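This document opens with one chain alone, in structure tokens, the form deposited in one PDB entry.
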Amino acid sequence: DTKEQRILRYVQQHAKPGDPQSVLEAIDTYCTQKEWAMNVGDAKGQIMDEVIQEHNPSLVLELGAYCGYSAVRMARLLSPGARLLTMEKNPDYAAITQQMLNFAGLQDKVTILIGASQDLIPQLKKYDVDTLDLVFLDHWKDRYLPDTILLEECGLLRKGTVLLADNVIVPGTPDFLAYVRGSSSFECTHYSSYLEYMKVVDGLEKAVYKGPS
């Protein structure tokens, strides 16, 4: 029994079925009052709402679904006929996200792609996909810059495509920022958001020297 399962089960018994707003409130409730989890959360969600509303995407690509909070957040704002693709490499997370979408009634607007972004991005041109309107980057931070470059190399960006990148300060994505900011191919805006708490996996490496080669 995983935390992600506990989040899903809470949603299923407290949110209104078929009601995306209700689902987001249930997750945000659970994760502020019971068990913190790595969703963008409501504060950042409101920035995301405005970006979607300002830029009016018909085709959205999300990198990193987890339990589907951000996927519900964006897909509930999309017009009929619009599509959200979300790449998730963890099959168990993909399964939770599908349940979350099904409960919220968004399964028709969203397609989960199980796999790593770096492998799936070059396959997109075989999903009836020409170019993307908006990309939400919220997966492994080491991938922001290469996936962005990959997206460009695969011809998936059009003039006006919006990249929205989370966590560019904490833990931080300095390489990505210097690239898009320094590049004449990208017009960049920054949006501050206060972050009450976050936990990430880290580690130490111990390397014992055994002598030279």
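Throughout, rigid core stands for the largest set of C-alpha atoms superposing within 1.5 Å between the two forms. Numbering starts at 1 and runs along the sequence shown.
- Of the two segments examined, 75 to 83 and 96 to 104, it is 75 to 83 that shows the higher average Cα temperature factor in the deposited entry.
- Of the two stretches examined, 84 to 92 and 117 to 125, the record assigns the greater average C-alpha temperature factor to 117 to 125.
- Comparing the listed residues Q33, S58, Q53, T161, the entry records the largest Cα B-factor for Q33.
- You'll see in the entry that, of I47, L156, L63, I27, the Cα B factor peaks at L156.
- For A43, the recorded CA B-factor ranks within the lowest third of the chain. Only modelled residues enter the ranking.
- When the CA B factors of the chain's modelled residues are split into thirds, the value for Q12 lands in the lowest one.
- When the modelled residues of the chain are ordered by C-alpha B-factor, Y69 sits in the lowest third.
- When all modelled residues of the chain are sorted by CA temperature factor, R6 is found within the middle third.
- Per the PDB record, residue ranking by Cα B-factor puts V201 in the highest third of the chain.
Missing here is the form deposited in another entry; even so, the following discussion is about that form.
- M38 is the only residue from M38, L156, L163, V51 whose Cα shifts by 2 Å or more between this form and the one not shown, the rigid core being superposed.
- When two forms of a protein are overlaid on their rigid core, residues whose CA moves 2 Å or more are considered shifted, and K199 is one of them between this form and the one not shown.
- After superposition on the rigid core, the Cα atom of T173 is displaced by 2 Å or more between this form and the one not shown.
- If you compare C-alpha positions, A75 and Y197 are 3 angstroms or more farther apart in the other entry than in the form on display.
- Cα-Cα spacing of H190 to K199 is reduced in the other entry versus the present form (difference of at least 3 Å).
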